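What follows is a single chain, given as structure tokens, in the form solved without the named molecule.
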């Protein structure tokens, strides 16, 4: 019945190589973007006009994340380090060292005093924002870590890895509260808490997205139709309007599902390469999507629903 009508409004060009991750700022004013060209770029969330090029990393960047006040940024790079940036100045505050291998993902806690990171060293590290000190190193997985994310109060961490595991961690103690397993054990490429922090959206490299309850280890919804077997693609909850599931795909399309009926309601066409990242605006029905090497651009989409 009710479907969204997302429409291309802007194409954000300027990145030299493949774009890896796009994230909206909490205040909904800005949009950050990480790429394989070792750069981070800031854009206007509403008109998509370029604002600032921020650099420092010696190798490509796979993920970027905002602080709660939209004043800071953190980046996960292949130079085995993370770097905290002041968005206003675009300068390296602190550089987080200790991962010993490719840093793949990163996130702030809602208090923005902690930073979680996942790397190819099969570990999850909890960093201290003001000091840059690594507070804890979680031996989370036995394969590259694909995603890390806090919950609404920042009391929990969720992690995913190519070992096919999804682990929920107690932020305070660093202990593992629960492990979500699949008997087939396909690689989990992305995990994310729901806005209410009661559910977990997990992506596996068998072209499948699943909505998890994590109080009980029970799968509620299952979303298919898209293509995902090789890349770690971001997925999102769309709550600002209708309740949708948004995700990039390997057939260069942005798939949108109905969260309840699990049906595909829209497929955004326009990208030239695999859509690796998707992001939803905090207050507006706006979707930001980015693609790989054959499509070094970012696209903004707006809907009335």
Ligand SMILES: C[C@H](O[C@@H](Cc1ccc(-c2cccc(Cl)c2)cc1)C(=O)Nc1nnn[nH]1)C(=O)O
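Numbering follows the first chain given and starts at 1.
Separately, the form solved in complex with the named molecule exists; it is not shown, and the next lines address it.
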property: Partner-proximal stretch of 91-99, 134-142, 109-117, 195-203 relative to the named molecule in the entry with it bound, 4.5 angstroms, heavy atom; result: 195-203
property: In the entry with it bound, the one of 52, 49, 267, 243 near the named molecule [non-hydrogen atom within 4.5 angstroms]; result: 243
property: Contact assignment for the named molecule in the entry with it bound, among 181, 172, 220, 177, heavy atom within 4.5 Å; result: 220
property: Residue 279: touches the named molecule in the entry with it bound, heavy atom cutoff 4.5 angstroms; result: no
property: Contact test in the entry with it bound: residue 260 vs the named molecule, heavy atoms, 4.5 Å; result: yes
property: 4.5 angstroms heavy atom contact with the named molecule in the entry with it bound for residue 211; result: yes
property: Close approach of residue 237 to the named molecule in the entry with it bound, 4.5 Å, heavy atom; result: yes
